[PDB]
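A.B. asks: You'll find model-v5.txt just under this line, and it carries compact mmCIF, N, CA, C and O atoms.
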```txt
# COMPACT_ATOMS: atom_id res chain seq x y z
N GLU R 215 -11.98 -23.92 -21.16
CA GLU R 215 -10.62 -23.38 -21.16
C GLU R 215 -10.62 -21.86 -21.23
O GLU R 215 -9.89 -21.20 -20.49
N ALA R 216 -11.45 -21.29 -22.12
CA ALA R 216 -11.51 -19.84 -22.24
C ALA R 216 -11.99 -19.19 -20.95
O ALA R 216 -11.44 -18.17 -20.52
N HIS R 217 -13.01 -19.77 -20.32
CA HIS R 217 -13.53 -19.21 -19.08
C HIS R 217 -12.50 -19.28 -17.96
O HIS R 217 -12.36 -18.33 -17.18
N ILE R 218 -11.77 -20.39 -17.86
CA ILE R 218 -10.77 -20.51 -16.81
C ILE R 218 -9.62 -19.54 -17.04
O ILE R 218 -9.12 -18.91 -16.10
N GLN R 219 -9.21 -19.37 -18.30
CA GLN R 219 -8.17 -18.38 -18.60
C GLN R 219 -8.64 -16.97 -18.28
O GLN R 219 -7.87 -16.16 -17.75
N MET R 220 -9.90 -16.65 -18.59
CA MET R 220 -10.43 -15.33 -18.26
C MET R 220 -10.46 -15.10 -16.76
O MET R 220 -10.13 -14.01 -16.28
N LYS R 221 -10.88 -16.12 -16.00
CA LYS R 221 -10.90 -15.99 -14.54
C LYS R 221 -9.50 -15.79 -13.98
O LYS R 221 -9.29 -14.96 -13.09
N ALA R 222 -8.52 -16.54 -14.50
CA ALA R 222 -7.15 -16.39 -14.03
C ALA R 222 -6.60 -15.01 -14.37
O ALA R 222 -5.91 -14.39 -13.55
N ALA R 223 -6.89 -14.51 -15.57
CA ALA R 223 -6.44 -13.17 -15.95
C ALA R 223 -7.09 -12.09 -15.10
O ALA R 223 -6.45 -11.11 -14.73
N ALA R 224 -8.38 -12.25 -14.79
CA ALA R 224 -9.09 -11.23 -14.02
C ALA R 224 -8.65 -11.22 -12.56
O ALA R 224 -8.49 -10.15 -11.97
N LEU R 225 -8.45 -12.40 -11.96
CA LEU R 225 -8.09 -12.45 -10.55
C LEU R 225 -6.63 -12.05 -10.33
O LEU R 225 -6.31 -11.45 -9.29
N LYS R 226 -5.75 -12.37 -11.27
CA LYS R 226 -4.32 -12.04 -11.20
C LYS R 226 -3.75 -12.71 -9.95
O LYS R 226 -3.95 -13.92 -9.76
N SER R 227 -3.04 -11.99 -9.09
CA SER R 227 -2.46 -12.54 -7.87
C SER R 227 -3.04 -11.86 -6.64
O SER R 227 -2.32 -11.54 -5.69
N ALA R 228 -4.35 -11.63 -6.64
CA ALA R 228 -5.00 -10.96 -5.52
C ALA R 228 -5.00 -11.87 -4.30
O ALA R 228 -5.41 -13.03 -4.37
N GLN R 229 -4.54 -11.32 -3.17
CA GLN R 229 -4.48 -12.05 -1.91
C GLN R 229 -5.47 -11.44 -0.93
O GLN R 229 -5.46 -10.23 -0.71
N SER R 230 -6.25 -12.33 -0.34
CA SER R 230 -7.25 -11.90 0.61
C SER R 230 -6.72 -11.61 1.97
O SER R 230 -5.91 -12.35 2.51
N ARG R 231 -7.17 -10.51 2.52
CA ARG R 231 -6.83 -10.15 3.89
C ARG R 231 -8.03 -10.42 4.78
O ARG R 231 -9.13 -9.96 4.49
N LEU R 232 -7.87 -11.21 5.91
CA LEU R 232 -8.96 -11.57 6.81
C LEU R 232 -9.43 -10.40 7.67
O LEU R 232 -10.57 -10.41 8.13
N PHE R 233 -8.58 -9.40 7.88
CA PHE R 233 -8.89 -8.32 8.80
C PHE R 233 -8.55 -6.98 8.17
O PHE R 233 -7.64 -6.88 7.34
N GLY R 234 -9.29 -5.95 8.57
CA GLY R 234 -8.94 -4.58 8.33
C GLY R 234 -8.31 -3.95 9.55
O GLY R 234 -7.83 -4.63 10.46
N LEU R 235 -8.33 -2.62 9.59
CA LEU R 235 -7.86 -1.92 10.77
C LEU R 235 -8.81 -2.16 11.93
O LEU R 235 -10.03 -2.04 11.78
N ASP R 236 -8.26 -2.52 13.09
CA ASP R 236 -9.08 -2.83 14.25
C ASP R 236 -9.82 -1.58 14.73
O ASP R 236 -9.26 -0.49 14.78
N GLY R 237 -11.09 -1.77 15.09
CA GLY R 237 -11.93 -0.66 15.50
C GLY R 237 -11.67 -0.13 16.89
O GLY R 237 -12.16 0.95 17.23
N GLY R 238 -10.92 -0.87 17.71
CA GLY R 238 -10.51 -0.34 19.00
C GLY R 238 -9.45 0.72 18.82
O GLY R 238 -8.30 0.41 18.48
N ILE R 239 -9.80 1.98 19.05
CA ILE R 239 -8.90 3.08 18.73
C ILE R 239 -8.01 3.45 19.91
O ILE R 239 -6.81 3.63 19.75
N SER R 240 -8.59 3.55 21.10
CA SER R 240 -7.83 3.99 22.27
C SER R 240 -6.73 2.99 22.60
O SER R 240 -6.98 1.79 22.72
N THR R 241 -5.50 3.50 22.74
CA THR R 241 -4.37 2.69 23.16
C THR R 241 -3.81 3.09 24.52
O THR R 241 -3.18 2.27 25.17
N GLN R 242 -4.04 4.33 24.95
CA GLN R 242 -3.57 4.79 26.24
C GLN R 242 -4.53 4.34 27.34
O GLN R 242 -5.59 3.77 27.09
N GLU R 243 -4.14 4.61 28.59
CA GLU R 243 -4.97 4.33 29.75
C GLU R 243 -5.59 5.62 30.25
O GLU R 243 -4.97 6.68 30.20
N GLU R 244 -6.82 5.52 30.74
CA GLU R 244 -7.53 6.70 31.22
C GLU R 244 -6.83 7.27 32.46
O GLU R 244 -6.40 6.53 33.34
N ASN R 245 -6.73 8.59 32.51
CA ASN R 245 -6.12 9.29 33.64
C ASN R 245 -7.18 9.48 34.71
O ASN R 245 -8.10 10.29 34.55
N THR R 246 -7.06 8.74 35.81
CA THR R 246 -8.00 8.81 36.91
C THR R 246 -7.50 9.67 38.06
O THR R 246 -8.18 9.78 39.08
N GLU R 247 -6.34 10.30 37.91
CA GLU R 247 -5.74 11.05 39.01
C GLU R 247 -6.49 12.36 39.26
O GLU R 247 -6.94 13.03 38.33
N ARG R 248 -6.62 12.70 40.54
CA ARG R 248 -7.26 13.94 40.95
C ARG R 248 -6.38 15.14 40.59
O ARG R 248 -5.22 15.01 40.20
N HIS R 249 -6.96 16.33 40.72
CA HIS R 249 -6.23 17.57 40.49
C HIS R 249 -6.82 18.63 41.41
O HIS R 249 -7.97 19.03 41.23
N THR R 250 -6.04 19.06 42.40
CA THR R 250 -6.49 20.03 43.38
C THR R 250 -5.68 21.32 43.26
O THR R 250 -4.66 21.37 42.58
N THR R 251 -6.17 22.37 43.93
CA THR R 251 -5.47 23.65 43.92
C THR R 251 -4.19 23.62 44.74
O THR R 251 -3.42 24.59 44.67
N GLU R 252 -3.94 22.57 45.51
CA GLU R 252 -2.69 22.42 46.22
C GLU R 252 -1.57 21.88 45.34
O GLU R 252 -0.40 21.95 45.75
N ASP R 253 -1.89 21.37 44.16
CA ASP R 253 -0.86 20.81 43.28
C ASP R 253 0.08 21.91 42.79
O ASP R 253 -0.36 23.01 42.44
N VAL R 254 1.37 21.59 42.77
CA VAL R 254 2.36 22.55 42.29
C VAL R 254 2.19 22.80 40.80
O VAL R 254 2.52 23.88 40.30
N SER R 255 1.69 21.81 40.06
CA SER R 255 1.50 21.93 38.63
C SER R 255 0.39 20.96 38.23
O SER R 255 0.00 20.10 39.02
N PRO R 256 -0.16 21.10 37.02
CA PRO R 256 -1.20 20.16 36.57
C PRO R 256 -0.73 18.72 36.48
O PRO R 256 -1.58 17.82 36.43
N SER R 257 0.57 18.46 36.43
CA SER R 257 1.08 17.11 36.28
C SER R 257 1.81 16.59 37.51
O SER R 257 2.07 15.38 37.59
N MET R 258 2.16 17.45 38.47
CA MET R 258 2.88 17.03 39.67
C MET R 258 2.13 17.51 40.90
O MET R 258 1.78 18.69 40.99
N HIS R 259 1.88 16.60 41.84
CA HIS R 259 1.22 16.98 43.08
C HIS R 259 2.14 17.82 43.95
O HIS R 259 1.74 18.87 44.46
N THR R 260 3.38 17.38 44.14
CA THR R 260 4.35 18.08 44.96
C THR R 260 5.74 17.90 44.35
O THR R 260 5.90 17.30 43.29
N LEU R 261 6.74 18.42 45.05
CA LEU R 261 8.16 18.30 44.71
C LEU R 261 8.93 17.78 45.91
O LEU R 261 9.95 18.34 46.32
N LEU R 262 8.44 16.69 46.50
CA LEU R 262 8.84 16.28 47.84
C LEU R 262 10.35 16.09 47.97
O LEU R 262 10.97 16.61 48.90
N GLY R 263 10.95 15.26 47.14
CA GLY R 263 12.36 15.00 47.35
C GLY R 263 13.31 16.06 46.87
O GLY R 263 14.52 15.90 46.99
N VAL R 264 12.79 17.15 46.33
CA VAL R 264 13.65 18.17 45.76
C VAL R 264 14.40 18.98 46.78
O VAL R 264 13.84 19.45 47.76
N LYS R 265 15.69 19.12 46.56
CA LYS R 265 16.53 19.95 47.43
C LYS R 265 16.95 21.20 46.66
O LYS R 265 17.39 21.11 45.52
N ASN R 266 16.81 22.37 47.28
CA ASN R 266 17.16 23.64 46.65
C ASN R 266 18.67 23.75 46.43
O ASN R 266 19.08 24.31 45.41
N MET R 267 19.51 23.20 47.33
CA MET R 267 20.96 23.24 47.16
C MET R 267 21.60 21.93 47.60
O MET R 267 21.27 21.38 48.65
N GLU V 215 -7.33 -27.18 -56.94
CA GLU V 215 -5.94 -27.32 -56.51
C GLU V 215 -5.25 -25.96 -56.43
O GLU V 215 -4.56 -25.67 -55.45
N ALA V 216 -5.44 -25.12 -57.45
CA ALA V 216 -4.82 -23.80 -57.45
C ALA V 216 -5.32 -22.95 -56.29
O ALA V 216 -4.53 -22.27 -55.63
N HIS V 217 -6.62 -22.99 -56.03
CA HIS V 217 -7.18 -22.20 -54.93
C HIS V 217 -6.66 -22.68 -53.58
O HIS V 217 -6.36 -21.86 -52.70
N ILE V 218 -6.57 -23.99 -53.39
CA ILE V 218 -6.08 -24.51 -52.11
C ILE V 218 -4.61 -24.16 -51.92
O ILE V 218 -4.18 -23.79 -50.82
N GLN V 219 -3.81 -24.25 -52.99
CA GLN V 219 -2.41 -23.85 -52.89
C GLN V 219 -2.28 -22.36 -52.58
O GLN V 219 -1.42 -21.96 -51.78
N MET V 220 -3.12 -21.52 -53.20
CA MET V 220 -3.07 -20.09 -52.91
C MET V 220 -3.45 -19.81 -51.46
O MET V 220 -2.83 -18.97 -50.80
N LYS V 221 -4.47 -20.50 -50.95
CA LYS V 221 -4.86 -20.32 -49.55
C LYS V 221 -3.75 -20.75 -48.61
O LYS V 221 -3.46 -20.06 -47.62
N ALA V 222 -3.10 -21.88 -48.90
CA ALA V 222 -2.00 -22.34 -48.05
C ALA V 222 -0.83 -21.37 -48.08
O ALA V 222 -0.22 -21.09 -47.05
N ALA V 223 -0.51 -20.84 -49.26
CA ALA V 223 0.58 -19.87 -49.37
C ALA V 223 0.25 -18.57 -48.64
O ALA V 223 1.12 -17.97 -48.01
N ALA V 224 -1.01 -18.12 -48.72
CA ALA V 224 -1.38 -16.87 -48.08
C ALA V 224 -1.43 -16.99 -46.56
O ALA V 224 -1.00 -16.08 -45.85
N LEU V 225 -1.96 -18.11 -46.05
CA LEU V 225 -2.09 -18.26 -44.61
C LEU V 225 -0.75 -18.54 -43.95
O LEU V 225 -0.51 -18.11 -42.81
N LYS V 226 0.14 -19.27 -44.63
CA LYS V 226 1.48 -19.61 -44.13
C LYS V 226 1.30 -20.41 -42.84
O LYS V 226 0.54 -21.39 -42.84
N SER V 227 1.97 -20.05 -41.75
CA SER V 227 1.86 -20.75 -40.48
C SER V 227 1.31 -19.83 -39.40
O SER V 227 1.77 -19.83 -38.26
N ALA V 228 0.30 -19.04 -39.75
CA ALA V 228 -0.29 -18.11 -38.80
C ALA V 228 -1.05 -18.86 -37.71
O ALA V 228 -1.89 -19.71 -38.01
N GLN V 229 -0.75 -18.54 -36.46
CA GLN V 229 -1.39 -19.16 -35.31
C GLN V 229 -2.25 -18.13 -34.59
O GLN V 229 -1.77 -17.04 -34.26
N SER V 230 -3.48 -18.55 -34.33
CA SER V 230 -4.41 -17.68 -33.67
C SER V 230 -4.24 -17.60 -32.18
O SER V 230 -4.03 -18.60 -31.51
N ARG V 231 -4.29 -16.39 -31.68
CA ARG V 231 -4.24 -16.16 -30.25
C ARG V 231 -5.64 -15.83 -29.76
O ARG V 231 -6.30 -14.94 -30.30
N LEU V 232 -6.19 -16.55 -28.71
CA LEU V 232 -7.54 -16.35 -28.19
C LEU V 232 -7.67 -15.07 -27.39
O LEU V 232 -8.78 -14.54 -27.27
N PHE V 233 -6.58 -14.55 -26.85
CA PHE V 233 -6.63 -13.40 -25.95
C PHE V 233 -5.57 -12.38 -26.33
O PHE V 233 -4.51 -12.73 -26.86
N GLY V 234 -5.86 -11.12 -26.05
CA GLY V 234 -4.88 -10.06 -26.06
C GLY V 234 -4.44 -9.73 -24.65
O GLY V 234 -4.59 -10.52 -23.72
N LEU V 235 -3.88 -8.53 -24.50
CA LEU V 235 -3.51 -8.07 -23.17
C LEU V 235 -4.77 -7.81 -22.35
O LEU V 235 -5.71 -7.16 -22.82
N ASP V 236 -4.80 -8.33 -21.12
CA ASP V 236 -5.97 -8.18 -20.27
C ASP V 236 -6.19 -6.72 -19.90
O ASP V 236 -5.25 -6.00 -19.59
N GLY V 237 -7.46 -6.30 -19.93
CA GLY V 237 -7.80 -4.92 -19.67
C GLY V 237 -7.76 -4.51 -18.22
O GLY V 237 -7.80 -3.31 -17.93
N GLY V 238 -7.68 -5.46 -17.29
CA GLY V 238 -7.48 -5.13 -15.90
C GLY V 238 -6.06 -4.66 -15.66
O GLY V 238 -5.13 -5.47 -15.70
N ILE V 239 -5.88 -3.37 -15.43
CA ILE V 239 -4.53 -2.81 -15.38
C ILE V 239 -3.97 -2.83 -13.96
O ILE V 239 -2.81 -3.21 -13.76
N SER V 240 -4.76 -2.43 -12.97
CA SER V 240 -4.26 -2.33 -11.61
C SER V 240 -3.87 -3.70 -11.08
O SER V 240 -4.64 -4.66 -11.15
N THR V 241 -2.64 -3.79 -10.55
CA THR V 241 -2.16 -5.01 -9.91
C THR V 241 -1.91 -4.84 -8.42
O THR V 241 -1.93 -5.84 -7.69
N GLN V 242 -1.68 -3.62 -7.95
CA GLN V 242 -1.46 -3.36 -6.54
C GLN V 242 -2.79 -3.29 -5.80
O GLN V 242 -3.87 -3.33 -6.39
N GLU V 243 -2.71 -3.17 -4.48
CA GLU V 243 -3.88 -3.00 -3.63
C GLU V 243 -3.99 -1.55 -3.20
O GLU V 243 -2.97 -0.88 -2.97
N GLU V 244 -5.22 -1.06 -3.09
CA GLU V 244 -5.44 0.33 -2.71
C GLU V 244 -4.96 0.57 -1.28
O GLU V 244 -5.18 -0.24 -0.38
N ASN V 245 -4.30 1.71 -1.08
CA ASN V 245 -3.81 2.10 0.24
C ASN V 245 -4.94 2.80 0.99
O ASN V 245 -5.32 3.93 0.66
N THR V 246 -5.49 2.13 2.00
CA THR V 246 -6.58 2.66 2.80
C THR V 246 -6.11 3.26 4.12
O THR V 246 -6.95 3.70 4.91
N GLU V 247 -4.81 3.29 4.36
CA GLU V 247 -4.29 3.74 5.65
C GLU V 247 -4.43 5.24 5.80
O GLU V 247 -4.23 6.01 4.86
N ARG V 248 -4.76 5.66 7.02
CA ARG V 248 -4.88 7.07 7.35
C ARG V 248 -3.50 7.73 7.37
O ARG V 248 -2.46 7.08 7.31
N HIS V 249 -3.50 9.06 7.45
CA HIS V 249 -2.27 9.83 7.55
C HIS V 249 -2.57 11.08 8.37
O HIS V 249 -3.32 11.95 7.91
N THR V 250 -2.01 11.16 9.57
CA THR V 250 -2.25 12.27 10.48
C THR V 250 -0.96 13.05 10.71
O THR V 250 0.13 12.60 10.36
N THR V 251 -1.11 14.23 11.32
CA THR V 251 0.05 15.06 11.63
C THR V 251 0.88 14.49 12.77
O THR V 251 1.98 15.00 13.01
N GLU V 252 0.40 13.47 13.47
CA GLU V 252 1.19 12.80 14.49
C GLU V 252 2.16 11.79 13.91
O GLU V 252 3.06 11.34 14.63
N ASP V 253 2.01 11.42 12.64
CA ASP V 253 2.89 10.43 12.04
C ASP V 253 4.31 10.96 11.94
O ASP V 253 4.54 12.13 11.59
N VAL V 254 5.28 10.10 12.25
CA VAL V 254 6.68 10.49 12.16
C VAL V 254 7.09 10.72 10.72
O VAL V 254 7.99 11.52 10.44
N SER V 255 6.45 10.04 9.78
CA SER V 255 6.75 10.17 8.36
C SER V 255 5.51 9.79 7.58
O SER V 255 4.56 9.23 8.14
N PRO V 256 5.46 10.11 6.28
CA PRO V 256 4.29 9.72 5.47
C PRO V 256 4.08 8.22 5.37
O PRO V 256 2.98 7.80 5.01
N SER V 257 5.09 7.40 5.67
CA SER V 257 4.97 5.96 5.54
C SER V 257 5.00 5.21 6.87
O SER V 257 4.66 4.03 6.90
N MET V 258 5.38 5.87 7.96
CA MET V 258 5.47 5.22 9.27
C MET V 258 4.68 6.04 10.28
O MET V 258 4.87 7.25 10.39
N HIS V 259 3.79 5.37 11.02
CA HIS V 259 3.03 6.06 12.06
C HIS V 259 3.92 6.44 13.23
O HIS V 259 3.90 7.58 13.71
N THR V 260 4.73 5.49 13.71
CA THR V 260 5.62 5.72 14.84
C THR V 260 6.89 4.91 14.63
O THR V 260 7.08 4.25 13.60
N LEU V 261 7.77 4.96 15.63
CA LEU V 261 9.02 4.20 15.69
C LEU V 261 9.09 3.43 17.01
O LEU V 261 10.08 3.50 17.74
N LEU V 262 8.02 2.70 17.32
CA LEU V 262 7.78 2.22 18.68
C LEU V 262 8.94 1.37 19.20
O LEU V 262 9.43 1.59 20.32
N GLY V 263 9.33 0.33 18.50
CA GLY V 263 10.35 -0.53 19.07
C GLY V 263 11.77 -0.03 18.98
O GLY V 263 12.69 -0.71 19.42
N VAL V 264 11.96 1.16 18.43
CA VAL V 264 13.31 1.65 18.22
C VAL V 264 14.00 2.08 19.48
O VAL V 264 13.45 2.79 20.31
N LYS V 265 15.22 1.62 19.64
CA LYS V 265 16.05 2.02 20.79
C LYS V 265 17.18 2.92 20.30
O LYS V 265 17.85 2.59 19.32
N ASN V 266 17.39 4.05 20.97
CA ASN V 266 18.43 5.00 20.59
C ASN V 266 19.83 4.40 20.81
O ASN V 266 20.73 4.68 20.01
N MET V 267 20.04 3.58 21.85
CA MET V 267 21.33 2.95 22.10
C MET V 267 21.17 1.51 22.57
O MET V 267 20.34 1.22 23.43
```
As structure tokens, what does this structure read like?
C.D. replies:
Amino acid sequence: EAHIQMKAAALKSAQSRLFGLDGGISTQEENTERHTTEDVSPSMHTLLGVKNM
Amino acid sequence: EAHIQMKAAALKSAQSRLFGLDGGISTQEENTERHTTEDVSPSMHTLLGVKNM
């Protein structure tokens, strides 16, 4: 009885977790797009549909 | 007889307790979560499912 009471007091209400933080860190997708000196900007190749007025 | 009566009077109805307060104080679980400058708040990493309207 004493040992079981001691075990219950020591364990308290501890709940086991099966997993920690997942080791797969990357969530985005790799950027495979080219980048040439003809690009209007580092993020846009052209401004094709743009109308000045 | 006198000694037994004195012992009974002195002890009264004292009941022995096998345990005191348990020395294990911590009841919560340790917070192992990271905290970066990208977090929207100290308690939330992001607001992913939130819709503005």
A.B. asks: Compute the set of chain R residues within 7 Å of chain V, using only N, CA, C and O atoms, and express it as number ranges by chain.
C.D. replies: R: 223-224, 227-228
A.B. asks: Distance CA of residue 251 (chain R)-atom N of residue 263 (chain R), one decimal place?
C.D. replies: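 Here the two named atoms are 18.7 Å from each other.
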A.B. asks: Would you work out the distance separating CA of residue 216 (chain R) from atom C of residue 221 (chain V), expressed in Å to one decimal?
C.D. replies: 27.5 Å
